[PDB]
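Engineer: my sequence and its experimental structure, below.
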Amino acid sequence: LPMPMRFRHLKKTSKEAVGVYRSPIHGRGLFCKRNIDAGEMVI
Amino acid sequence: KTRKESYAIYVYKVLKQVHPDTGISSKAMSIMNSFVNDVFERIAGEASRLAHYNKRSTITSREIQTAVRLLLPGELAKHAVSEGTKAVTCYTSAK
Amino acid sequence: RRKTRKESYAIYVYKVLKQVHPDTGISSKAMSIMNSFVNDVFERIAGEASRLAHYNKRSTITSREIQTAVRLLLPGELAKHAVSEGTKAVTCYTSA
Amino acid sequence: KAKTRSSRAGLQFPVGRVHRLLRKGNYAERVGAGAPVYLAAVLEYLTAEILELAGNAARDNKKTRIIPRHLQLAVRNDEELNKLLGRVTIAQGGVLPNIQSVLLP
Amino acid sequence: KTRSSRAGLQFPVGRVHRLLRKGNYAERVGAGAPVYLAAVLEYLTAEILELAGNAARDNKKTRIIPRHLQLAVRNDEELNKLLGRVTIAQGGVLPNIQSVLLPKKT
Amino acid sequence: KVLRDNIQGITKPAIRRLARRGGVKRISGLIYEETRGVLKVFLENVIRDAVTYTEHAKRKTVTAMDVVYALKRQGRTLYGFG
Amino acid sequence: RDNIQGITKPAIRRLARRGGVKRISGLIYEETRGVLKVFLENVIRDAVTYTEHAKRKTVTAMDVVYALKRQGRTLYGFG
Amino acid sequence: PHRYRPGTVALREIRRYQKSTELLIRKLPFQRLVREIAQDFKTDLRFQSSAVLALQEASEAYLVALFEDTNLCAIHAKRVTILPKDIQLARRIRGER
Amino acid sequence: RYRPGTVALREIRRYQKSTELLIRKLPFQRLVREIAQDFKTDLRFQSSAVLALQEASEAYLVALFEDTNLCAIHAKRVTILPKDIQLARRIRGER
DNA sequence: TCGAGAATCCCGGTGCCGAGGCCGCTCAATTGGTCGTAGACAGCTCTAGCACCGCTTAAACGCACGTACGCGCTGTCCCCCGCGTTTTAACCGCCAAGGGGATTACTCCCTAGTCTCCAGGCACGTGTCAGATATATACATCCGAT
DNA sequence: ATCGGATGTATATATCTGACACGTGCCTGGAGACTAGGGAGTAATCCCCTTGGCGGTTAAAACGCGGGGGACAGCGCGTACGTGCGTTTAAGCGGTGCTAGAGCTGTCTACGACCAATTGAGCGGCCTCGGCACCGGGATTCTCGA
């Protein structure tokens, strides 16, 4: 897959894979309800 | 009660011509009806679409020839076209 | 020798493209492929609708039968969008 | 008012009703006279061949009647009918017996 | 007086009605059939051409080459469901490499 | 109604016998669930086309001839119902 | 004549590259040529049937697409 | 009887079945299943006994075909056991992914 | 250069981006001429028509290759083999 | 963890033919009536899918277990490929022609349509036997013994 | 490798029953006669183009070598499955009542085909100018062995 056209995934299919919850390390955090493997553009 | 159409007597006579000893059950009747119909719509639709291809308003016998050669497999197509040509010639000679 | 006049869906799709993106050019090859695509889908839907109409002992082709055909043929929510758009078009056409 | 066209051409399948179906099936607007005759001929040929194979299968299994299993075995075991009937199923059917060579012990 | 503007569509309606009348699909048709067909063809053509334009502006080229159409049709999933057994002249194929065939080292 | 039961209505010996008619011997114990899945996804399309056909005809019962009609629409033909 | 050898090694290699392979055996070319020949003869049978039914000894492009459509494939952008 | 070796009675079961002609899935569970699945598309429908019957056979047909295909690819896997990945392989290669 | 298997990936990606034909015009044209002469003699071909057939071929052919590809993956290996081609041809339902 | 060499991307910098837009000249799409009619509404008839229960048992359930083989690991060895070379006809661009594909015009004849009567094929009884059903048996096979 | 024993396999013997094949009625299609009118073929044509062919070459193919990476054979193993049996259970006939729905029929009214002419949408010819191909070179990124 070429680079420039991957912009869509940024704004449309990027709002479900991550939830916002209380982090255990420090303060608040971005917890996960989905799965994303290696070499996958995310945010 | 009402009038309904089927192919029962004709397939029965064709069966009696070649094997005048074996009976069949209603299921055989239904399946043979379905088979003969299915092939009829297939070949007829192909002929109609061939006739529409060449901006011609009619469907003649040679259109059926082309359709049967195009659709059926080889040896059976040769047998069918031979038998059909024989039938049409003997029909036209004695009208 | 003798020039002939041919019909293609060339002007209308070009107008659609200008209506959508009035900044992008189109090629002749793309023009022909779009013409083939529209002819293909037109014939597919029309033939399926006609054979359905024959199936129902109806000698006519209403508008309802075509929407039944596009419900069968078109998959997913694209079917809902297309059928809603068709209803919109016919309703906006009748009272005129 | 006699000597039906099927008898005139010496056939058995009814040419009159075939011509009627071509007229009212909305397949074209002008139908040639020989087309229903030729279609009746090819239909007779196909039905005769398939029924002869069915009768041969019945002779093999020494059954005086025909059930769909016989005719299915007739169709499948023939290569040409199998190629023609690429995508087909039969009610109350079955499958011709076969086992892979490696599967056997 | 025209007839396409009665519904505000763009695809012709008289042409569709004439071509369906001479196409012998049936013997008698209603009035809403041609407008409805024009509308659905409009919707499908718009659906395809919007992605065509998006792909055109992807490579920053004004003219739309058929490669752009091939990519736009293939990458979508509903189109691939509907355009199952269809190819495109000069279309090419979308890039794809199998996952397990990817060498690596330290 | 929608019930999770009756999905396991095809208990294991039925699939066993179907596999036998297929001509297989060694089947792993984790085949049953995906067989159920593929059967359901197949049956979805045919039942949907059948109900659309019967709905268009303004009656709320389904025959067999419309079923074979839908089956032929997909491509798999049945012989023996008209 | 003998022209099946016309489709040579680099061309089928490049089309294998189209396929998505890198490791191919040296004894695969003959059956690929056979499959290709089968496909071409199967298509051109219907092609010549169409072109001779219309009583034209030439062969056009639109009938080729027609035969391709009848077979099960479909071609776009040609006629 | 005695504890037989695996697959031994399987062969005679194949021989008994492959020549047989009958229905393998029961009738009541299947009609109940189709009546259940019909609810989602439209509720309160009535079925015909001839209709539903037909349906099962067609399904069985399709399903039977699948096993056939899988069996062959299973032999291509250099093993006799059937595994899930082969079902997905057959489904994808058939053309209905 | 060296490290076989590295150049293959570069070649395959370069060609995946490209969208040209892959068969020389004259040899393929002559082959089509020969296979036509097998059916009927003295057939005049349209230069557009031949091209047509050409493209369709690669389409069909490339699809076949891809299928064989995944079949090799099902066999715990990378190299494809003739046997896999018969596998694909038989399993596709087109024998 | 770090170089040398090796590839690809991009910044100009320039020249050229394809999409485009205007002008001119058609031909079939409306509009309006006009005329016949296909299907929609309401009624009545019939018939069968469904609710219901009884009783019987083929089959599903699930445990027990002894081993067949799917798989991970090893070693092996052999041949596909990449790199280099020499070698050559596909491809380009140029010529020339004849033939035949598409178009024009035309007379003629096949057929849609109407009217006409009679005959044969489906609804409907009605007699009757082909093969399923249960019993006893010779036989080929898995298993076990040597 | 060879032989004996339990056990499912295909075969012959009463019989009986409901589906198969046959005889009747008559009404709706199809065959017999006739017409006209609109498709069609057949003579003629002439320019578009497809076949054929020729000079130049270089991008592409063809052939030989070196090796390393991947196909292929085997071996243990332990574990997931097929086989077997005692038990519960919902399938499978059986037979009963009926309303809900399908299905057939008289009807008559909104709706589609015929047609005449218009006249503007729409199709073809000619520059033409810029989007894009060609090219030359520097900036930019990857990879594997020291």
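Structural biologist: That came in fine, so what should we check first? Numbering: from 1, shown residues only, chains lettered A, B, ... in the order given.

Engineer: element containing the residue positioned nearest the centre of chain B?
Structural biologist: For chain B, the residue nearest the mean C-alpha position is residue B:40 (6.0 Å; CA atoms, centre = their mean). Using DSSP states H and E, residue B:40 falls within helix B:26-53.

Engineer: after that helix, next one along is what?
Structural biologist: Heading C-terminal from helix B:26-53 (DSSP H and E), you reach strand B:58-59.

Engineer: is that next one positioned near DNA strand K?
Structural biologist: Yes - using CB under 7 Å from any atom of the strand, we find that strand B:58-59 touches DNA strand K at residue B:58. Placement of C-beta: from N, CA and C, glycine included.

Engineer: sorry, back to before: pretty sure the residue nearest to the centre of chain B is touching residue D:36, no?
Structural biologist: No - applying CB atoms under 8 Å as the test, residue B:40 and residue D:36 come out as separate, 10.8 Å apart.

Engineer: hey, what's in contact with both of the two?
Structural biologist: Applying CB atoms under 8 Å, 6 or more residues apart in numbering or on different chains, one finds that residue B:40 and residue D:36 are jointly contacted by residue D:18.

Engineer: one step back: in contact with the residue nearest to the centre of chain B, which residues?
Structural biologist: Taking CB under 8 Å, 6+ apart, one finds D:18, D:21, D:39, D:43 in contact with residue B:40.

Engineer: and the third one, that's in a strand?
Structural biologist: Right, residue D:39. No - read with DSSP: H, G, I helix; E, B strand; the rest coil, residue D:39 is helix and lies in no strand.

Engineer: ok, which stretches of chain D are strands?
Structural biologist: D:30-31, D:89-90 (DSSP state E).

Engineer: show me the one of those strands that comes nearest DNA strand J.
Structural biologist: strand D:30-31 (3.9 Å; CB to the nearest atom of the strand).

Engineer: quick one: the helix ranked longest in chain H near chain F?
Structural biologist: Assignment by DSSP state H gives helix H:49-76 as the longest helix of chain H. Yes - against chain F, helix H:49-76 shows contacts by CB under 8 Å from any CB of the partner chain at H:50-51, H:53-55, H:57-64, H:66-68, H:70-71, H:74.

Engineer: the inter-axis angle of that helix versus helix I:47-74?
Structural biologist: Taking axes from the mean of the first three to the mean of the last three CA atoms, to 10 degrees, one finds helix H:49-76 and helix I:47-74 inclined to each other by 70 degrees.

Engineer: so is the helix or strand just after helix H:49-76 next to chain F?
Structural biologist: Counting by DSSP H and E, the next helix or strand C-terminal to helix H:49-76 is helix H:84-94. Yes - interface with chain F: helix H:84-94 contributes H:84, H:87-88, H:91 (CB under 8 Å from any CB).

Engineer: which residues in the chain form helices?
Structural biologist: Unless you meant another one, I'm taking chain A. Using DSSP H, helices in chain A cover A:7-11.

Engineer: oops, wrong one, chain F.
Structural biologist: Secondary structure of chain F (DSSP H): helices at F:12-22, F:32-56, F:65-74.

Engineer: from the contact counts, what lies against the longest one?
Structural biologist: Here helix F:32-56 touches helix C:64-73, helix F:12-22, helix F:65-74, helix H:28-41, helix H:49-76, helix H:84-94, going by 3 or more CB pairs under 8 Å, 6 or more residues apart in numbering or on different chains; DSSP states H and E.

Engineer: contacts for that helix?
Structural biologist: Outside helix F:32-56, the residues that touch it by CB under 8 Å, 6+ apart are C:52, C:56, C:64-65, C:68, C:71-72, F:7-8, F:10, F:12, F:15, F:60-63, F:66-67, F:69-71, F:73-74, H:34, H:37-38, H:41-42, H:45, H:55, H:58-59, H:62-63, H:66, H:84, H:87-88, H:91.

Engineer: same question, stretch D:16-25
Structural biologist: Contacts of stretch D:16-25 (CB under 8 Å, 6+ apart): B:5, B:40, B:44, B:59, C:54, D:4-6, D:28, D:31, D:35-36, D:39-40, D:43.

Engineer: closest one of those residues to residue D:56?
Structural biologist: The nearest member of the contacts of stretch D:16-25 to residue D:56, counting by CB to CB, is residue D:43 at 20.6 Å.

Engineer: look up how far residue B:80 lies from the closest one.
Structural biologist: Here residue D:43 is placed at a distance of 10 Å from residue B:80 (CB to CB, to the nearest Å).

Engineer: which of these two has more neighbours?
Structural biologist: The residue with more neighbours, out of residue D:43 and residue B:80, is residue D:43; 26 against 22, by other CB atoms under 10 Å in any protein chain shown.

Engineer: what's the closest non-adjacent residue to that one?
Structural biologist: Closest residue to residue D:43 apart from its sequence neighbours, by CB to CB, 6 or more residues apart in numbering or on different chains: residue D:13 at 5.3 Å.

Engineer: tell me how many other residues crowd that neighbour.
Structural biologist: So residue D:13, with other CB under 10 Å, has 23 neighbours.

Engineer: quick check: it vs chain E, distance?
Structural biologist: 26 Å (CB to the nearest CB, to the nearest Å).

Engineer: what sits against that residue?
Structural biologist: Residue D:13 touches B:10, D:6, D:40-41, D:43-44, D:47, counting by CB under 8 Å, 6+ apart.

Engineer: closest to chain H among those?
Structural biologist: residue D:47 (23.3 Å; CB to the nearest CB).

Engineer: tell me who's in contact with that closest one.
Structural biologist: Residue D:47 touches B:11, B:14, B:32, B:36, D:13, counting by CB under 8 Å, 6+ apart.

Engineer: contact partners for the third one?
Structural biologist: Same thing as residue B:32. B:7, B:11, D:47, D:50-51.

Engineer: check the spacing between the closest residue in space to residue H:37 that isn't next to it in sequence and residue F:62 real quick.
Structural biologist: Using CB to CB, 6+ apart and skipping the chain neighbours, the partner closest in space to residue H:37 is residue F:47 (6.1 Å). Distance, residue F:47 to residue F:62, by CB to CB: 9 Å.

Engineer: between the two, which is the more surrounded one?
Structural biologist: Set residue F:47 next to residue F:62 and count neighbours by other CB under 10 Å: residue F:62 wins out with 25 against 19.
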